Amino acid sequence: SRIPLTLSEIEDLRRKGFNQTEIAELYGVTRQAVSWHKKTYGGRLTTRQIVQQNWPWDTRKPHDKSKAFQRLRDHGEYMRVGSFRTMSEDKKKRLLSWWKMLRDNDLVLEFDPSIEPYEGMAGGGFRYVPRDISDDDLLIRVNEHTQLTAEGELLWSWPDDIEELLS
């Protein structure tokens, strides 16, 4: 009825732009079966996954619903890719607006898992505070709940040419 599902075949179909769920449907297995093969035999990681390896917090649901979480993810993606070529127009507009707001009001983002959601932060967990010098070029506040790796310092700082993109 077919050829047993190997990592190479899934990777080939991914290169062709198919995702793991569609591949699972193609081979009559669960997406988890497709994921296991990728996880077990070292399948390439997308930019988002790479950014995830260097994510600064132990977040849960429903933190993923806050706009700060989504915008910071988009920012990490931009710094990793280095241009907007892999982002939709919406991600670009929203990210630039977020940067402009963040820069002009001199704030950095802080995370504390005990803060409960409130109006304008539907996922809870995040809050904006004014930058002090220890923050340098970072868009984030380092606190007891932030684990920042060597790779992370590059991801969570402003781009060097940030002034040119805004006007």
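Counting begins at 1, following the sequence as shown.
- As the entry records it, the average C-alpha temperature factor is higher for 148-156, out of 5-13 and 148-156.
- When the two stretches 135-143 and 41-49 are set side by side, the higher mean Cα temperature factor goes to 135-143.
- Looking only at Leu26, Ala33, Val129, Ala68, the residue with the top Cα B factor in the deposited structure is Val129.
- Ranked against the other modelled residues of its chain, the C-alpha B-factor of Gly120 as given in the entry falls in the highest third.
- Among all modelled residues in its chain, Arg60 ranks in the middle third by Cα B-factor.
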